[PDB]
Structure formats: structure tokens, C-alpha cells
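J.: just dropping in an experimental structure and the matching sequence.
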Amino acid sequence: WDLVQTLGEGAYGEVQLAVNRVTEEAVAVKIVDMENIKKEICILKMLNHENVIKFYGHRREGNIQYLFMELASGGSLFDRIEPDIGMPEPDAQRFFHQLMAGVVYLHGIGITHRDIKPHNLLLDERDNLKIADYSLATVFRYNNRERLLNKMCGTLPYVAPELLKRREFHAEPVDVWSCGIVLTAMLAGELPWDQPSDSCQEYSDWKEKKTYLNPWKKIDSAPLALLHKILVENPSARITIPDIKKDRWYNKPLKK
Ligand SMILES: Cc1c(Nc2ncc3cc(Cl)c(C4CCN([C@]5(C)COC[C@@H]5O)CC4)cc3n2)cnn1[C@@H]1CC1(F)F
């Protein structure tokens with residue numbers, strides 16, 4: 001293998017582009033220096049879906065670990081969001097459709113990603129969305145028995161409010177919430193708050209239904225009605241993915 005270009009840096013290591021000078025297989029390799037990556041390497045092998053990054057192999061070199069993965073030539077969804085504008089409504093809808101397909105799959109196999117944000121959603125040559133980075137992905141369901149979460153993790157502008165206010169919380173509603181923040185960012189090129197806390201003014205304005213303020217005023221009435229169901233403070237009264245799949249804007253035919 002031969003390292004060519006850095007594709008992003010994380011908490012433990014860095015992701016590189018490894019093109020073998022014999023097979024020419026352009027793949028992405030997370031080079032992890034130095035228990036937690038045993039669990040990461042595990043979950044990665046259970047992943048077989050078109051909207052989920054493919055885990056190829058894992059060679060070991062004493063301390064320098066390697067993680068071969070599917071390369072997304074198109075880059076990431078973050079690089080496709082124009083600051084303060086976002087992207088077109090038909091483009092945002094097609095990415096949300098693929099985001100839900102990848103999240104439904106993950107949930108069906110008892111896995112929560114725990115850090116859904118534009119930097120973890122990579123686009124291939126045909127612009128298909130793929131969910132990458134399972135360094136925070138944990139098991140929330142094993143043998144048809146759901147386990148609650150207690151560890152706080154993710155990125156503050158994308159985390160659900162229950163994650164900072166409750167000792168234990170369901171995994172799926174947290175993933176639904178972060179998808180709503182992704183859809184907000186695609187339709188308006190802006191994040192609505194630093195974190196959903198009772199100390200954050202922008203979050204309090206949203207709870208008080210002040211949709212005349214940004215970034216809500218840049219979003220159409222159809223997708224905004226979906227965001228009103230996804231960004232609900234109470235995770236029990238918050239829309240589920242099966243009910244998201246029946247929303248007017250989710251099923252609204254779009255082009256140009
Ligand atoms: C071809 C390309 C990519 N492709 C790519 N492919 C696979 C990736 C896999 C992972 Cl895990 C990753 C990681 C994904 C997660 N991140 C973070 C930890 C998330 O936020 C902070 C890090 O960026 C690191 C790389 C990246 C991959 N990238 C990316 N850029 N570019 C070039 C610009 C361009 F499009 F021309």
C-alpha cells in the first residue's frame with residue numbers, strides 16, 4: 001500500500017488514501033496508534049449496506065493499527081453545504097432519504113452511530129450517501145432486548161437535549177435528532193444552536209416557536225413541518241423513523 005492524501009483526522013489517529021502500486025485499489029485507511037478499537041473492528045464487520053461505509057480489512061503492526069475502508073471519491077456532505085445558503089431542496093431530500101435508509105439499517109441490526117453530522121456522511125462517485133466512522137458506535141439492542149445509554153458523546157450542536165439532562169436515554173431518538181440538525185444544515189447552510197440547553201437563547205427561541213428567525217426563515221414550510229416533529233425536546237413524543245417515512249415533505253416529489 002502507498003499513502004497519498006489525508007482524508008480527515010480524528011480522536012485516535014488519521015484517515016489516509018492508500019493506493020497499492022500493484023492493484024491500484026483506492027481505499028481509505030484509518031491509521032490508529034496503539035479494547036476500544038477491538039469493539040470498533042467488531043461492529044465494522046457486521047456492516048453490509050449500500051448507504052454504510054464498507055470495512056475491508058485490519059492489519060496490525062505491533063502498535064500501528066490499520067483500518068482499510070471504502071473510498072468515497074465525491075468527498076463528504078459537509079463540503080456540499082454552502083455556508084448561509086445550504087443546497088437545493090431536491091438535493092437535500094435525496095440525501096435525507098439515503099440518511100434514513102442508512103440509519104434504519106443501523107437500528108435494525110442493534111447499532112447506534114452516536115455522532116451523526118455532515119463530516120461523517122461521505123458521498124461516492126454517483127453522489128450516494130454513506131455513513132462512516134464507527135469509533136463512537138455502540139450496541140443498543142442485543143437478543144431483541146434494548147439497552148439504555150449513559151455515556152455522553154457526539155458533537156454539541158448535533159446532540160439531543162436528553163443526552164445532557166438525563167442519566168439514561170434511548171439510543172434511536174438521539175440519532176433521529178442529529179438527522180434533523182443535518183437536514184437543518186442542508187436546507188439553510190447554518191446550525192441553529194451551540195447545544196440544546198435551557199441556557200442557549202437560540203434553542204429557547206425555537207421552543208417558543210419563533211420560526212421568523214434564522215435558519216428557520218430560510219427553510220420552506222414543508223420541510224420545516226418535519227423539523228418541528230424531529231426537533232422535539234421530549235424524546236418520547238419525538239417522531240420515529242417509520243413516521244418520518246410518511247411525512248408530506250419526505251414523500252413530496254422534487255426536481256430542480
Ligand atoms: C476523496 C475525498 C474523501 N474521501 C473519503 N473517503 C473515505 C473516508 C473514510 C473516513 Cl472514515 C473518513 C473520516 C471521516 C470522519 N472524519 C472526522 C473524524 C469527522 O469530523 C472530524 C473528522 O473529519 C475523519 C475522516 C473520511 C473519508 N473520506 C474525502 N475528501 N476527499 C477529497 C476532497 C475531495 F473530495 F476531493
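T.: Noted; the coordinates are in hand. Numbers count the residues shown, from 1 in each chain.

J.: residue in the stretch 51-200 of the chain with the shortest distance to the ligand?
T.: residue 75 (2.7 Å; CB to the nearest ligand atom). Where you see a C-beta, it was placed from the backbone N, CA and C, and this is true even at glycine.

J.: just checking, that residue touches residue 124?
T.: No - checked against CB atoms under 8 Å, the pair residue 75 and residue 124 is beyond contact range at 9.7 Å.

J.: for the two, indicate the residue with more neighbours.
T.: Comparing residue 75 with residue 124 by neighbour count (other CB atoms under 10 Å), the higher total belongs to residue 124, at 17 against 12.

J.: the more buried one: what's it in contact with?
T.: 70, 72, 73, 74, 130 (CB atoms under 8 Å, 6 or more residues apart in numbering).

J.: which SS state does the second one fall under?
T.: Going back to what we said before, that points to residue 72. Classification of residue 72 by DSSP: H, G, I helix; E, B strand; the rest coil places it in coil.

J.: for this protein, what lies in contact range of the ligand?
T.: 7-10, 15, 28, 30, 69, 71-73, 75-76, 119-120, 122, 132-133 (CB under 6 Å from any ligand atom).

J.: got a PyMOL select line for the buried ones in the residues you listed?
T.: This is how PyMOL selects the buried members of the residues of the chain next to the ligand, with burial counted by 16 or more other CB atoms under 10 Å:
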select buried, resi 7+8+15+28+30+69+71+72+76+119+120+122+132+133
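
J.: now, the residues of the chain next to the ligand that are in strands?
T.: Using DSSP state E, 7, 8, 9, 15, 28, 30, 69, 75, 76, 122 are the members of these that sit in strands.

J.: residue 110: which of the residues you listed is nearest?
T.: Each of those was checked against residue 110 using CB to CB; the closest is residue 69, at 21.3 Å.

J.: now residue 67: how far from residue 207?
T.: Using CB to CB, to the nearest Å, residue 67 is found at 41 Å from residue 207.

J.: higher neighbour count, these two?
T.: Using other CB under 10 Å, the more surrounded residue of residue 67 and residue 207 is residue 67, with 23 against 14.

J.: tell me who's in contact with the more buried one.
T.: By CB under 8 Å, 6+ apart, the neighbours of residue 67 are 29, 30, 31, 32, 40, 41, 44, 55, 58.

J.: all strands of this protein, in order?
T.: Under DSSP E, the chain gives strands at 3-9, 14-18, 27-33, 60-61, 64-69, 75-76, 111-112, 121-123, 129-131, 138-139.

J.: looking at those, which is nearest to residue 245?
T.: Closest among the strands of the chain, using CB to CB: strand 129-131, at 16.3 Å.

J.: what does that closest one rub up against?
T.: 50-53, 70, 72, 77, 95, 98-99, 102-103, 106, 113, 116, 120-124.

J.: now, of the residues you listed, which are buried?
T.: Among these, those classed as buried by neighbour count (16+ other CB under 10 Å) are 51-53, 70, 72, 77, 95, 98-99, 102-103, 106, 113, 116, 120-124.

J.: what comes up buried for the longest helix anywhere in the chain?
T.: Longest helix in the chain by number of residues, with DSSP state H as the criterion: helix 89-108. For helix 89-108, the buried set under the neighbour-count rule, 16+ other CB under 10 Å, comprises 89, 92-93, 95-96, 98-107.

J.: against which helices or strands is it packed?
T.: On a contact count with 3 or more CB pairs under 8 Å, 6 or more residues apart in numbering; DSSP states H and E, helix 89-108 meets strand 129-131, helix 171-188, helix 221-230, helix 241-244.
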